[PDB]
Every structure is written in C-alpha cells, then in structure tokens.
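Source file: model-v6.csv; contents: CSV, C-alpha atoms and all ligand atoms.
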```
chain,number,residue,atom,x,y,z
A,135,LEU,CA,-15.6,-25.8,-16.4
A,136,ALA,CA,-12.2,-27.2,-15.8
A,137,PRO,CA,-11.0,-29.3,-18.7
A,138,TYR,CA,-10.0,-32.9,-18.7
A,139,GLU,CA,-6.7,-33.8,-20.4
A,140,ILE,CA,-5.9,-37.0,-22.3
A,141,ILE,CA,-2.7,-38.0,-24.2
A,142,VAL,CA,-3.5,-39.9,-27.4
A,143,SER,CA,-0.5,-42.1,-27.3
A,144,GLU,CA,-2.1,-45.4,-28.4
A,145,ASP,CA,-2.8,-46.5,-32.0
A,146,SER,CA,-6.2,-45.4,-33.2
A,147,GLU,CA,-8.0,-44.9,-36.5
A,148,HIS,CA,-9.0,-41.5,-35.1
A,149,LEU,CA,-5.4,-40.2,-35.3
A,150,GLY,CA,-4.2,-38.2,-38.3
A,151,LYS,CA,-7.7,-36.8,-38.7
A,152,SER,CA,-9.1,-33.3,-38.1
A,153,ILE,CA,-11.6,-32.5,-35.4
A,154,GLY,CA,-14.2,-31.8,-38.0
A,155,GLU,CA,-13.5,-35.0,-39.9
A,156,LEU,CA,-13.9,-36.9,-36.7
A,157,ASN,CA,-17.0,-34.9,-35.8
A,158,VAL,CA,-15.8,-35.1,-32.2
A,159,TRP,CA,-18.8,-33.6,-30.3
A,160,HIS,CA,-21.2,-35.9,-32.0
A,161,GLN,CA,-19.0,-39.0,-31.3
A,162,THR,CA,-18.1,-38.4,-27.6
A,163,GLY,CA,-20.0,-35.4,-26.3
A,164,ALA,CA,-16.7,-33.5,-25.7
A,165,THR,CA,-15.9,-29.9,-26.6
A,166,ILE,CA,-12.2,-29.6,-27.2
A,167,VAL,CA,-10.7,-26.4,-25.8
A,168,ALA,CA,-7.1,-26.9,-26.8
A,169,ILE,CA,-4.6,-29.3,-28.5
A,170,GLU,CA,-1.0,-29.6,-27.3
A,171,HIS,CA,1.3,-30.8,-30.1
A,172,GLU,CA,5.1,-31.0,-29.6
A,173,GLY,CA,4.7,-28.9,-26.4
A,174,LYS,CA,2.8,-26.1,-28.2
A,175,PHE,CA,-0.8,-25.1,-27.7
A,176,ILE,CA,-3.6,-24.2,-30.0
A,177,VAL,CA,-6.7,-22.8,-28.1
A,178,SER,CA,-10.2,-22.9,-29.7
A,179,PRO,CA,-8.8,-25.2,-32.3
A,180,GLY,CA,-11.7,-25.4,-34.8
A,181,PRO,CA,-12.6,-28.2,-37.2
A,182,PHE,CA,-9.4,-28.1,-39.3
A,183,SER,CA,-7.0,-28.8,-36.4
A,184,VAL,CA,-5.5,-32.3,-36.7
A,185,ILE,CA,-5.1,-34.8,-33.8
A,186,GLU,CA,-1.8,-36.6,-34.1
A,187,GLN,CA,-0.4,-39.4,-32.0
A,188,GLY,CA,1.1,-38.2,-28.7
A,189,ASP,CA,-0.9,-35.0,-28.7
A,190,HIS,CA,-2.8,-33.8,-25.6
A,191,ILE,CA,-6.5,-33.1,-25.9
A,192,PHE,CA,-8.0,-30.7,-23.4
A,193,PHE,CA,-11.8,-30.8,-23.4
A,194,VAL,CA,-14.9,-30.1,-21.3
A,195,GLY,CA,-17.7,-32.4,-20.4
A,196,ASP,CA,-18.7,-34.6,-17.5
A,197,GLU,CA,-17.3,-37.9,-16.2
A,198,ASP,CA,-19.2,-39.8,-18.9
A,199,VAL,CA,-17.8,-37.6,-21.7
A,200,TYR,CA,-14.3,-38.3,-20.2
A,201,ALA,CA,-15.0,-42.1,-20.4
A,202,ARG,CA,-16.2,-41.8,-24.0
A,203,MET,CA,-13.1,-39.8,-25.0
A,204,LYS,CA,-10.8,-42.4,-23.4
A,205,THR,CA,-12.5,-45.3,-25.2
A,206,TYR,CA,-12.7,-43.4,-28.5
A,207,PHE,CA,-8.9,-42.9,-28.6
A,208,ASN,CA,-8.1,-46.5,-27.5
A,209,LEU,CA,-6.9,-45.4,-24.0
A,210,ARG,CA,-8.5,-48.4,-22.1
B,133,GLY,CA,-4.3,-18.9,-17.6
B,134,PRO,CA,-4.8,-19.1,-21.4
B,135,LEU,CA,-7.5,-21.8,-21.1
B,136,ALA,CA,-9.6,-19.8,-18.7
B,137,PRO,CA,-12.9,-19.0,-20.3
B,138,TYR,CA,-14.2,-15.6,-21.1
B,139,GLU,CA,-17.7,-14.8,-19.9
B,140,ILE,CA,-20.2,-12.5,-21.7
B,141,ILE,CA,-23.7,-11.7,-20.7
B,142,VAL,CA,-25.8,-11.4,-23.8
B,143,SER,CA,-28.1,-8.7,-22.4
B,144,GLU,CA,-28.5,-6.5,-25.6
B,145,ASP,CA,-30.9,-7.1,-28.4
B,146,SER,CA,-29.3,-9.1,-31.2
B,147,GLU,CA,-30.3,-10.9,-34.4
B,148,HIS,CA,-28.3,-13.9,-33.0
B,149,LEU,CA,-30.6,-14.4,-30.0
B,150,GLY,CA,-33.1,-17.2,-30.1
B,151,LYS,CA,-30.8,-19.2,-32.4
B,152,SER,CA,-28.9,-22.4,-31.8
B,153,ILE,CA,-25.1,-22.5,-31.6
B,154,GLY,CA,-25.1,-24.6,-34.8
B,155,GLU,CA,-27.4,-22.2,-36.7
B,156,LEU,CA,-25.1,-19.4,-35.7
B,157,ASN,CA,-22.0,-21.4,-36.7
B,158,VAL,CA,-20.3,-19.6,-33.8
B,159,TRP,CA,-16.7,-20.8,-34.2
B,160,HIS,CA,-16.7,-19.7,-37.9
B,161,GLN,CA,-18.2,-16.3,-37.0
B,162,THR,CA,-16.0,-15.3,-34.0
B,163,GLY,CA,-13.3,-17.9,-33.5
B,164,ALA,CA,-14.7,-18.8,-30.1
B,165,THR,CA,-15.3,-22.3,-28.7
B,166,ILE,CA,-18.2,-22.2,-26.2
B,167,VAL,CA,-17.7,-24.3,-23.2
B,168,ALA,CA,-20.9,-23.6,-21.3
B,169,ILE,CA,-24.1,-21.6,-21.4
B,170,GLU,CA,-25.7,-20.3,-18.2
B,171,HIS,CA,-29.5,-19.9,-18.6
B,172,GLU,CA,-31.9,-19.1,-15.8
B,173,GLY,CA,-29.0,-19.8,-13.4
B,174,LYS,CA,-28.5,-23.3,-14.8
B,175,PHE,CA,-25.3,-24.4,-16.6
B,176,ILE,CA,-25.0,-26.7,-19.6
B,177,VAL,CA,-21.4,-27.8,-20.2
B,178,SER,CA,-20.2,-28.9,-23.6
B,179,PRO,CA,-23.4,-27.5,-25.2
B,180,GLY,CA,-23.3,-28.8,-28.7
B,181,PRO,CA,-25.0,-27.3,-31.8
B,182,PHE,CA,-28.6,-27.6,-30.6
B,183,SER,CA,-28.2,-25.4,-27.5
B,184,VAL,CA,-30.0,-22.1,-27.9
B,185,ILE,CA,-28.6,-18.7,-26.8
B,186,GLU,CA,-31.3,-16.5,-25.2
B,187,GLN,CA,-31.2,-12.9,-24.0
B,188,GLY,CA,-29.6,-12.6,-20.6
B,189,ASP,CA,-27.7,-15.9,-20.8
B,190,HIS,CA,-24.0,-16.0,-19.9
B,191,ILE,CA,-21.8,-17.5,-22.6
B,192,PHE,CA,-18.4,-19.0,-21.4
B,193,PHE,CA,-15.9,-19.5,-24.2
B,194,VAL,CA,-12.2,-20.0,-24.9
B,195,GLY,CA,-10.1,-18.0,-27.2
B,196,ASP,CA,-7.8,-15.0,-27.0
B,197,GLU,CA,-8.4,-11.3,-26.6
B,198,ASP,CA,-9.2,-10.9,-30.3
B,199,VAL,CA,-11.8,-13.7,-30.1
B,200,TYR,CA,-13.3,-11.9,-27.1
B,201,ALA,CA,-13.6,-8.7,-29.2
B,202,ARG,CA,-15.3,-10.7,-32.0
B,203,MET,CA,-17.8,-12.2,-29.6
B,204,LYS,CA,-18.6,-8.9,-28.0
B,205,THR,CA,-19.2,-7.3,-31.4
B,206,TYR,CA,-21.2,-10.2,-32.7
B,207,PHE,CA,-23.6,-10.0,-29.8
B,208,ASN,CA,-24.1,-6.2,-30.0
B,209,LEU,CA,-22.2,-5.5,-26.7
B,210,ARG,CA,-19.9,-2.7,-28.0
B,211,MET,CA,-21.7,0.1,-26.0
B,212,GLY,CA,-21.3,2.5,-28.8
B,213,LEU,CA,-17.6,1.8,-29.5
C,301,LIG,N1,-19.3,-25.3,-28.5
C,301,LIG,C1,-19.3,-24.6,-29.8
C,301,LIG,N2,-18.6,-23.4,-29.8
C,301,LIG,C2,-18.5,-22.7,-30.9
C,301,LIG,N3,-19.1,-23.1,-32.1
C,301,LIG,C3,-19.8,-24.3,-32.0
C,301,LIG,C4,-19.9,-25.0,-30.9
C,301,LIG,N4,-20.6,-26.1,-31.2
C,301,LIG,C5,-21.0,-26.0,-32.5
C,301,LIG,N5,-20.5,-24.9,-33.0
C,301,LIG,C6,-20.5,-24.4,-34.4
C,301,LIG,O1,-21.7,-25.2,-35.1
C,301,LIG,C7,-21.1,-25.9,-36.0
C,301,LIG,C8,-21.6,-27.4,-36.0
C,301,LIG,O2,-21.3,-28.0,-34.8
C,301,LIG,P1,-21.4,-29.6,-34.6
C,301,LIG,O3,-21.2,-29.9,-33.1
C,301,LIG,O4,-22.7,-30.1,-35.1
C,301,LIG,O5,-20.2,-30.2,-35.5
C,301,LIG,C9,-18.8,-30.0,-35.2
C,301,LIG,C10,-18.2,-31.0,-34.2
C,301,LIG,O6,-18.8,-32.3,-34.3
C,301,LIG,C11,-16.9,-31.0,-34.5
C,301,LIG,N6,-16.1,-30.0,-33.8
C,301,LIG,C12,-15.6,-28.9,-34.3
C,301,LIG,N7,-14.9,-28.2,-33.3
C,301,LIG,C13,-15.0,-29.0,-32.2
C,301,LIG,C14,-14.5,-28.9,-30.9
C,301,LIG,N8,-13.7,-27.8,-30.5
C,301,LIG,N9,-14.7,-29.9,-30.1
C,301,LIG,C15,-15.5,-30.9,-30.4
C,301,LIG,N10,-16.0,-31.1,-31.6
C,301,LIG,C16,-15.7,-30.1,-32.5
C,301,LIG,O7,-16.8,-30.7,-36.0
C,301,LIG,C17,-18.0,-30.3,-36.4
C,301,LIG,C18,-17.8,-29.0,-37.3
C,301,LIG,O8,-17.3,-28.0,-36.6
C,301,LIG,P2,-17.3,-26.5,-37.1
C,301,LIG,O9,-16.5,-25.6,-36.2
C,301,LIG,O10,-17.0,-26.4,-38.6
C,301,LIG,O11,-18.9,-26.0,-37.0
C,301,LIG,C19,-19.5,-25.9,-35.8
C,301,LIG,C20,-19.4,-24.5,-35.1
C,301,LIG,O12,-19.3,-23.4,-36.1
```
If you convert what's in this file into structure tokens, what do you get?
Amino acid sequence: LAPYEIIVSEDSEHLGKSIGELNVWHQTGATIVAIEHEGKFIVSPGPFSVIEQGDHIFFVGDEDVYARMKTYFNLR
Amino acid sequence: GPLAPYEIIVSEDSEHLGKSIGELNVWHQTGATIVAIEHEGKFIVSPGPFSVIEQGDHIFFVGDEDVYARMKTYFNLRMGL
C-alpha cells in the first residue's frame, strides 16, 4: 500500500486541471493519496484539487499504474 | 506518518454495505480516499468506483483523525458513542 511518487515537471495538457476534471482513476488506474505543492501537502485531495507543474503526486496502484501515470504526465 | 492508511473492519450492519464505492460516493460522504479493500483475505489496491464493500471487509483509507471519525460513523462503528 506504499505510494508511488512522481514530480510533474514536464509540460503537459494535464497540468492546470483538477483531479476530477482529469478523471484520473479512469485515465491511469491510479488513486491519488496526496499532492505536494510548494512543499506543502494535501492528503485525500478530492476532485477539486488542482495539479500544477512541479507538484508531486503520491498515488497507489501497481507497476502498470505507475507506468500509465508517467506516460500520462509526459515523464518519458 | 500522515500518509499511513487507517484501517476499519466493517463488521456492523449498515445501509452502506453491498454497495459500490461510486454508489456510496465515499470521498464526498466522509472525506476519505480508499486505497485498498481486503475481502476474504484478498487485497484490491486502487479499487475504483465499481469495487463493492461487503460486511467484514477491511477498508484502508487516507485522511486525518476527523476523516477517520466520519468513516467510523458512516459504517455504524460507533459502539453506542
Ligand atoms: N478510492 C476512492 N475513495 C473514496 N471515494 C472514491 C474512491 N473511488 C471513487 N470514489 C467516489 O466515487 C466517485 C466516482 O469515482 P470515479 O473513480 O468514477 O471518478 C473520480 C476519479 O476518476 C477522479 N478522482 C477523484 N479523486 C481521485 C483521486 N484521489 N485519485 C484518482 N482519481 C480521483 O474524479 C472523479 C470524481 O471524483 P469524486 O471524488 O467527485 O467522486 C468519486 C468518489 O466520491
């Protein structure tokens, strides 16, 4: 149940959007447990939390979900 | 730490049992983000809206102490308090 962490530092059409707007679980299979933004954490973020460039996304899933999240945010 | 999941065993009768996470709309009801369900000793991680919560399952979720209190009340686990 340990979360993966990615840093969304690359340009992506998925930045500047809320978790619900992206519909993250349906896009990547990931359940986001926290967002780190400017060194501050929001746990259990809900659909209205926004993912901005440079933020850290903590999420649960398997290795395939990790791969989907990386590709989805242009981290390849 | 703060991202460590809470664990509740939904052992009491509840109108919410036999429903999917999406039907319950869990995050909007309790503030909790469910990370896994344990059912018959088997774990589903990142369960999504179609996973069903059945009596006796263990629900693992992130939140704070207040979210825990909401989940416990929501699933009829208050033990008379
Ligand atoms: N693991 C879970 N724990 C707690 N509740 C859960 C849940 N999975 C689903 N739900 C609840 O069911 C609703 C629909 O979930 P769905 O995954 O289809 O649709 C979700 C999902 O695609 C996405 N989403 C929201 N929060 C997410 C998160 N932390 N991680 C990944 N995707 C999320 O935005 C959509 C709307 O989310 P919203 O919270 O308004 O509504 C969610 C939520 O109330």
At a cut-off of 9 Å, can you tabulate as CSV every residue of chain B near ligand LIG 301 (chain C) together with its closest atom pair and the distance in Å to one decimal, using only C-alpha atoms and all ligand atoms and ordering rows by chain then number?
```
residue,atom,partner,partner_atom,distance
B:152,CA,C:LIG301,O1,8.4
B:153,CA,C:LIG301,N5,5.4
B:154,CA,C:LIG301,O1,3.5
B:155,CA,C:LIG301,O1,6.6
B:156,CA,C:LIG301,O1,6.7
B:157,CA,C:LIG301,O12,3.4
B:158,CA,C:LIG301,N3,4.1
B:159,CA,C:LIG301,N3,3.9
B:160,CA,C:LIG301,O12,4.9
B:161,CA,C:LIG301,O12,7.2
B:162,CA,C:LIG301,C2,8.4
B:163,CA,C:LIG301,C2,7.5
B:164,CA,C:LIG301,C2,5.5
B:165,CA,C:LIG301,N2,3.6
B:166,CA,C:LIG301,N2,3.8
B:167,CA,C:LIG301,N1,5.6
B:168,CA,C:LIG301,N1,7.6
B:177,CA,C:LIG301,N1,8.9
B:178,CA,C:LIG301,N1,6.1
B:179,CA,C:LIG301,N1,5.7
B:180,CA,C:LIG301,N4,4.6
B:181,CA,C:LIG301,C5,4.3
B:182,CA,C:LIG301,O4,7.8
B:183,CA,C:LIG301,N4,8.5
B:193,CA,C:LIG301,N2,7.3
B:194,CA,C:LIG301,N2,8.7
```
Skipping near chain neighbours, those fewer than 4 positions away, what residues fall within 8 Å of residue 184 (chain A) using only C-alpha atoms, listed as a short mmCIF file (atom, residue, chain, number, x, y, z; two decimals) with C-alpha atoms, in the coordinates of the input?
```cif
data_model
loop_
_atom_site.label_atom_id
_atom_site.label_comp_id
_atom_site.auth_asym_id
_atom_site.auth_seq_id
_atom_site.Cartn_x
_atom_site.Cartn_y
_atom_site.Cartn_z
CA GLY A 150 -4.20 -38.20 -38.30
CA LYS A 151 -7.70 -36.80 -38.70
CA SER A 152 -9.10 -33.30 -38.10
CA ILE A 153 -11.60 -32.50 -35.40
#
```
Q | At most 8 Å to chain B: residues in chain A, all atoms listed in the file, as an MDAnalysis selection string | A | chainID A and resid 135 159 163:165 167:168 177:180 194:196
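The coordinates place CA of residue 208 (chain B) at 17.1 Å from CA of residue 184 (chain B).
If you look at CA of residue 161 (chain A) and CA of residue 206 (chain A), they are 8.2 Å away from each other.
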Q | Residue with smallest distance to residue 151 (chain B) - pool B:187, B:174, B:139, B:200, counting all atoms listed in the file | A |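 Ranked by minimum distance to residue 151 (chain B), first place goes to B:187.
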Q: Just give me the gap between CA of residue 172 (chain A) and CA of residue 148 (chain A) in Å, one decimal is fine.
A: 18.4 Å
(Q) I'd like to know which of A:149, A:140, A:156, A:169 is closest to residue 203 (chain A), using all atoms listed in the file. (A)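 Smallest distance to residue 203 (chain A) is found for A:140.
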(Q) Applying 12 Å and all atoms listed in the file, which residues near residue 173 (chain A) remain after dropping the ones on its own chain fewer than 3 positions away? List them as number ranges by chain. (A) A: 141, 168-170, 176, 188-191
Q.
List as a VMD selection string the residues having at least one atom at most 9 Å from position (-27.6, -10.2, -32.3) as given in the file, counting all atoms listed in the file.
A. chain B and resid 142 144 to 149 205 to 208
Q: Taking (-11.2, -44.9, -25.7) in the file's own coordinates, collect the residues within 12 Å, counting all atoms listed in the file, and hand them back as a ChimeraX atom specification.
A: /A:140-148,161-162,198-210
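Compared by their closest atoms to residue 188 (chain B), and using all atoms listed in the file, the residues B:150, B:173, B:209, B:141 rank with B:141 nearest.
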